[PDB]
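We begin with a single chain expressed as structure tokens, specifically the form solved without 1-phenylurea.
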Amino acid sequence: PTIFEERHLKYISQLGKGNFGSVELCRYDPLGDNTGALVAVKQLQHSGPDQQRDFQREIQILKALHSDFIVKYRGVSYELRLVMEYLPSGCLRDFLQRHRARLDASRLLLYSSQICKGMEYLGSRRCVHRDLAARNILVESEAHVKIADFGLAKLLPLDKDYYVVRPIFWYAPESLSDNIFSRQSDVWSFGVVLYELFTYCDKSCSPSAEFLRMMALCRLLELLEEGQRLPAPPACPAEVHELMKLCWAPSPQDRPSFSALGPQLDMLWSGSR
């Protein structure tokens, strides 16, 4: 159903805990026979007027997005709760670190393509994610990934292609300097996600570790303005690194679209065999 009756939601475990609000594993079983489906349930803890309104926004955005690469909205529970599908393989950051020995360049290109397709759909719906990282991508299986956590997601103002809003290593220069967020700033974050994948989210050479080695917020902007970028991950295919470099173009209008990146990654995967 579109409405999930509260009394039928059995708590199992904690899937996440943010500054305000948490996500928990629940078995929605109205029969009481312990045969119900497993769902991820989001609720707000301490919260406030700002957080409650942003959560209300998040629910509506997730409800309207229909992509095989964006976490599925299931319904609501009324003390509002957001009910979503349960991806049992955890987040992509955890997955790569755990399965590094098995995952080859072809599989990383598959994820890259999937995140790109989802990111493209998101853009067509005039939506900006604002927090695109490997920790915010969820794993369905070894061959399927989905974009999650739309808590920071903002819908573009009807008369503009950017939003100014009042984890900085994934943020574009225009974002750090003028707090500007566009579909083009999401492209910059995608380039970092691409780096995260071909490093298998290694802590030693993570975007945080590499940038701190290269140089607190003005110091990072200084580097990006100077042309300083993340190094080409070890054994990373040349063409993938060239796409990362293009996603990291200083001017947002010079960055490729997700519509342009999509086929370029898809044709690279075909080359991997």
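Residues carry their position along the shown sequence, with the first being 1.
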property: Mean Cα B-factor comparison, 106-114 or 173-181, giving the higher one as deposited; result: 173-181
property: Stretch exceeding the other in mean C-alpha B-factor - 94-102, 121-129; result: 94-102
property: C-alpha B-factor winner, where the candidates are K146, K154, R135, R166; result: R166
property: Among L243, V39, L220, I59 - the residue whose C-alpha B-factor is largest in the record; result: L220
property: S67 by Cα B-factor - lowest, middle or highest third of the modelled chain; result: lowest
property: Ranked C-alpha temperature factor of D186 among modelled chain residues, by third; result: lowest
property: Ranked against its chain, the third holding the CA B-factor of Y11; result: middle
property: Third of the chain, ranked by Cα B-factor, where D159 sits; result: highest
property: Assigned third (lowest, middle, highest) for the C-alpha B factor of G262; result: lowest
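The discussion below concerns the form solved in complex with 1-phenylurea, not included here.
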| item | value |
| --- | --- |
| Contact residue in the deposited bound form, chosen from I61, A232, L246, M214 - any heavy atom within 4.5 Å of 1-phenylurea | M214 |
| Heavy atom within 4.5 Å of 1-phenylurea in the deposited bound form - the one residue of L220, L65, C26, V240 that qualifies | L220 |
| In the deposited bound form, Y163 touching 1-phenylurea (heavy atom, 4.5 Å) | no |
| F169: touches 1-phenylurea in the deposited bound form, heavy atom cutoff 4.5 angstroms | yes |
| 4.5 Å heavy atom contact, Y200 to 1-phenylurea in the deposited bound form | no |
| Partner contact for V192 in the deposited bound form: 1-phenylurea, 4.5 angstroms, heavy atom | yes |
| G123, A153 and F181 each touching 1-phenylurea in the deposited bound form (heavy atom, 4.5 Å) | no |
| Region of this chain that lies against 1-phenylurea in the deposited bound form, out of 206-214, 232-240, 27-35, 46-54 [heavy atom, 4.5 Å] | 206-214 |
